[PDB]
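Let's start with one chain on its own, the form deposited in one PDB entry, as structure tokens.
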């Protein structure tokens, strides 16, 4: 199999190119073998609404069965519903067949084995099992499990909306359409659906709420319908995007401020995790409410591992993966997070625009991406970590280099999903924003004067 599909957080490829039915089978065999090695014969399997789902999921299941595993086939569900299954069924292992927010032809595997979400060397270990034929053999079984109603009920029973809300819900023709509009209605909302038909061709916009262009239709509908809030889900439902009644995009780091206040209010001293892409304003906010802010690496699998390490009750990423442990299970879930948000907003007499505008804000850049090579991106970062000079500030090298100054911050890191360098800048004035950008531009140039600096 191609090595390129085995990434830091999960397995991801293009069907008909780097991913085939045969690939899914052997990946199934590798996951089954690892699960068995960890004492777990029971594995849940889910798939999103992609065109290739039916073909690949059958092979993934057969690979697991051929290890001797007992598979629980939960059918077509959002990613968090698969994670849910791997928390409430007999087994603590689960595999989700998903291409996340990517174009129609993409697919992949998100993997939990004996409670732990695999990343880094563990994903490489799967690749290595297949190369070595270090694989279990046995006569397993498959049982169909209808888990969506249990998930639905578990959320509905945990949430208490104080007053009715009107909410536009954009599923991007992804799999969140199987539950999100129905569940949000059941919580006590009027729901205006947008692109909620599950359609793996994604004929409307990419199901990627992290890009403002993909929220354009949502913003317009919120305004046209006088809605209280707009919500968007990514293709597999583990990311959420948020729009106020006035059409303001609420980025996930600011969403996390509202959630952090909520969680810490009931859990003094709770650890709250956020990734290196999130606003410095989060650090002060969590600390002020008596929480312990923990900055960590970008990447859903890595955040999940850190949750376990720290006992954190809540985590969030700038990309919109939000992880509730309090009242929940600790995995990322856009649908649950949407429910938690609606609960909080419903208990405030103010509109969603004013609830969010109350929090301090910096001036933030849109994300900067610089295309480099897959085989040079980590070396550029290593070079910066070795050689760079940042002036006076708090320097963090846990993921790339982030520097926090008195009045702003900057970040450069390697993407683990694309051959690019990712940069973020934010400051409380335009002047400071430019000063920080200049520092970073000069440090990049000092490593390699030929690097593009599109900022």
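Heads up, when I say rigid core I mean the largest set of C-alphas that superpose within 1.5 Å between the two forms. Residue numbers count along the first chain shown, from 1.
Absent from the display: the form deposited in another entry. The rest refers to it.
Here the two forms are overlaid on the core, and between the shown form and the other one the C-alpha of 377 is the only one among 297, 129, 377, 321 to shift by 2 Å or more. Taking 2 Å as the criterion, residue 420 counts as shifted between the shown form and the other one: its C-alpha moves by at least this amount when the rigid core is aligned. Once both forms are fitted on their rigid core, the CA atom of residue 446 lies 2 Å or more apart between the shown form and the other one.
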